[PDB]
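So the structure is just underneath, and the comments pick up after that.
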Amino acid sequence: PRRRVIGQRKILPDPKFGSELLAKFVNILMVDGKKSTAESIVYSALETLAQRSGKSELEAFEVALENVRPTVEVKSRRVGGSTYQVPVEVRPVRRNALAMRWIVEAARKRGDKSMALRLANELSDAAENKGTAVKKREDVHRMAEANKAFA
Amino acid sequence: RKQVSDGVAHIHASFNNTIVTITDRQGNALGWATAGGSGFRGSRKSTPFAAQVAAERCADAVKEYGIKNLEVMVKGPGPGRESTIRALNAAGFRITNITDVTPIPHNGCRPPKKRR
Amino acid sequence: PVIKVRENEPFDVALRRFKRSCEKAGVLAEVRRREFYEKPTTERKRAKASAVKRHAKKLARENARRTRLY
RNA sequence: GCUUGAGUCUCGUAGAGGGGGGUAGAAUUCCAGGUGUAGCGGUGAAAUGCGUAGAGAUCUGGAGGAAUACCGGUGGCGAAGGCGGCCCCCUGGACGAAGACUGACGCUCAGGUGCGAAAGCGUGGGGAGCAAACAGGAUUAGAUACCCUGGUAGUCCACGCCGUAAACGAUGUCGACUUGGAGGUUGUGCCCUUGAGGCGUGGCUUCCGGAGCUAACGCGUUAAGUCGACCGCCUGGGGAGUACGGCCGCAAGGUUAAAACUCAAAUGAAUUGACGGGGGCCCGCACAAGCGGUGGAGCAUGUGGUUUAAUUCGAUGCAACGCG
Ligand SMILES: [Mg+2]
Ligand SMILES: [Mg+2]
Ligand SMILES: [Mg+2]
Ligand SMILES: [Mg+2]
Ligand SMILES: [Mg+2]
Ligand SMILES: [Mg+2]
Ligand SMILES: [Mg+2]
Ligand SMILES: [Mg+2]
Ligand SMILES: [Mg+2]
Ligand SMILES: [Mg+2]
Ligand SMILES: [Mg+2]
Ligand SMILES: [Mg+2]
Ligand SMILES: [Mg+2]
Ligand SMILES: [Mg+2]
């Protein structure tokens, strides 16, 4: 809004691991207001991720986040005939939300069988620094680097 | 070649570009680099950052001569008036002195007509 | 606006002193002023218009000195 | 006769006042070279244009024409137009102090005469920059415009002509009188210049306001106040500062200057709104940040159309169209 300043809501942590960073992930991944069928997708893909490679389920997820977080991004503004794109820094809370949105959105485009399997593949590629959720991070970093003159 | 020790940096700042030329103390040019030739064609070469890269590339291309001291001679207005000099220190040169040369007529020739 | 860098000095001190020398000399104002031709009748009108503002705005704050706002 | 108007003489002061002749520095452009490489220039974005025959940049040498940064100031001078580097020659006006002198010699002025920006004209020179016309590139529905790249007359000089400008404080010249304040600039008198001081007196000028005047806005000791002398001009809007005639001009054209016809208005200042691709402040799922849709497919339903014996009537920008 233009007048008020709003304090963020409180989010209950997930039952299995008690971590609020994952509790948002099942919120972002959930479509159609059904947490039960989404918490199953997140839990299955975390077990597939941990069993396949790495240590633990909470650190395996965190590593996938770290590669896909954006540290800089462009905010478009108009001046004359055309539009400019000044680069801006990302606040840490927005950095996380942008990371999980990119992971989920880039796991729905995979051609695998079940979303529990597409998600587990994507957290794997994000940790190993491949896939298309990390490509978007580099794309955003490029659009900020190509417009660095407009800072 | 010829191992020049003392040079002069000629920054031709303008409203539309920025040309950095490094010459010896006798005026002979040793190498140059502009802002628009640095991959900054269009409305990005006016920006002071595009002129910084010009100072970097012009710091190169004189590697062979091995200059160790630079006098900076800024000319004209424009964004690349400040960000070019500091990039000639961040490139490892020594700025002995800075002199501003600029053509200011004592009411000489008639300038062009006002834009509308 | 020639500035000579002294001995036992930093650089960012010198560059700030270069701007101060250039700002005091009005180099960029003169370059911007001489870019296009200003007709003599617009150079004289722009001078009297800016002196009228200098007089009124000084007398405007004087009439506002002897008031209470709340 | 007189000296309170007007003028003359003595001494100084300030000033882009005028005419002529020299000279200085910065900068633009061009010419001849050295170094040096692939871009330069321009724009909202581009392209035309210049460049590998080597531009742009940078240094050296030279030639040319025009204008005088800073000082510089609702500062100064001039009747108006106007006048800005520095020096010399010729020259006009103003002002101030103390005196001497002439003794109404004064004010205005139809015709008349002179001066009169810029553009323009003629003859002869000059030509850097800028730039009507012109050409190209863009923008555009079109763009014989604004924008960009070039560019001739002109802008400059000598001598003639033109004689008009929003030639404007839209306010004719001269004289007298009528509360104040803060400034600028330029002389002069008195005293503790004894110390960046204090008090008077003149000339010119910018601002704010009192009585008064004014339709109002506003003017207000430099009146648009209160009076006197002389001159110029006005008499509803359009036609029209036009036609014909006279004078002037090389020409462009200037000046003097109507009528038929036509309308009941045209106009000035102020007031309340509305509007603005004027300004400031603030708000709204207005945008920005996000989630899910419509526009495509099949069907339901409503409406325009066409059809029909009738396809009953109504609502039909937002604010009609799963509405009565
Ligand atoms: Mg231009
Ligand atoms: Mg007379
Ligand atoms: Mg007469
Ligand atoms: Mg003329
Ligand atoms: Mg001529
Ligand atoms: Mg001629
Ligand atoms: Mg007239
Ligand atoms: Mg005038
Ligand atoms: Mg008149
Ligand atoms: Mg007044
Ligand atoms: Mg006539
Ligand atoms: Mg006639
Ligand atoms: Mg459909
Ligand atoms: Mg119906």
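Here the Cβ is made from the backbone with ideal geometry for all residues, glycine too, and neighbour counts use every protein chain on show. What follows draws every value from the coordinates through simple rules; no lab data is involved.
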- line: When the range B:26-51 is checked residue by residue, the ones that are facing another protein chain (nearest Cβ under 9 Å) and either more than 8 Å from RNA strand D (Cβ to nearest atom) or of a type in the set (A, V, I, L, M) (or both) are B:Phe40, B:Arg44, B:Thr47, B:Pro48, B:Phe49, B:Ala50
message: On the basis of being more than 12 Å from every other protein chain (Cβ to nearest Cβ) and exposed (fewer than 11 other Cβ atoms within 10 Å of the Cβ), does C:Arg66 make the cut?
response: yes
- request: Any chance you could count how many residues in the range A:1-53 are touching a residue at least 12 places away in the same chain (Cβ under 8 Å), of a type in the set (A, V, I, L, M, F, W, C) and more than 23 Å from A:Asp125 (Cβ to Cβ)?
  value: 2
statement: The residue that is farthest from the chain's Cα centre (by Cα), considering only those in the range B:34-69 that are of a type in the set (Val, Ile, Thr) and more than 16 Å from B:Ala13 (Cα to Cα), is B:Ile67
- line: If we keep only residues of the range C:36-55 that are among the β-branched types (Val, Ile, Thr) and surrounded by fewer than 11 Cβ atoms within 10 Å (Cβ to Cβ), then the residue nearest to the other protein chains (Cβ to nearest Cβ) is C:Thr41
Close pairs (9 angstrom Cβ cut-off, 6 or more residues apart or separate chains): facing chain B (nearest Cβ under 7 Å) in the range C:21-35, in a loop (DSSP other than H, G, I, E, B) and among the small types (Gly, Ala, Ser) anywhere: C:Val31/B:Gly76
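Residues are listed down the side, and each one gets a yes or a no for (1) at positive phi; (2) out of contact with any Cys (no Cβ under 8 Å at 6 or more places or on another chain); (3) not in a helix (DSSP H, G or I):
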| site | (1), (2), (3) |
| --- | --- |
| A:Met100 | no, yes, no |
| A:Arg108 | no, yes, yes |
| A:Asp112 | no, yes, yes |
| A:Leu117 | no, yes, no |
| A:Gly131 | yes, yes, yes |
| A:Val134 | no, yes, no |
| A:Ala144 | no, yes, no |
query: Taking A:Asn27, is it in contact with a helix residue (DSSP H, G or I) (Cβ under 9 Å, 6 or more places away or on another chain) and within 13 Å of RNA strand D (Cβ to nearest atom)?
result: yes
- prompt: Inside the range B:6-79, counting only strands (runs of 3 or more DSSP E) that do not spill past its ends, which hold 2 or more residues that are without any contact (Cβ under 8 Å) to a residue 60 or more places away in the chain?
  reply: B:18-24, B:29-34
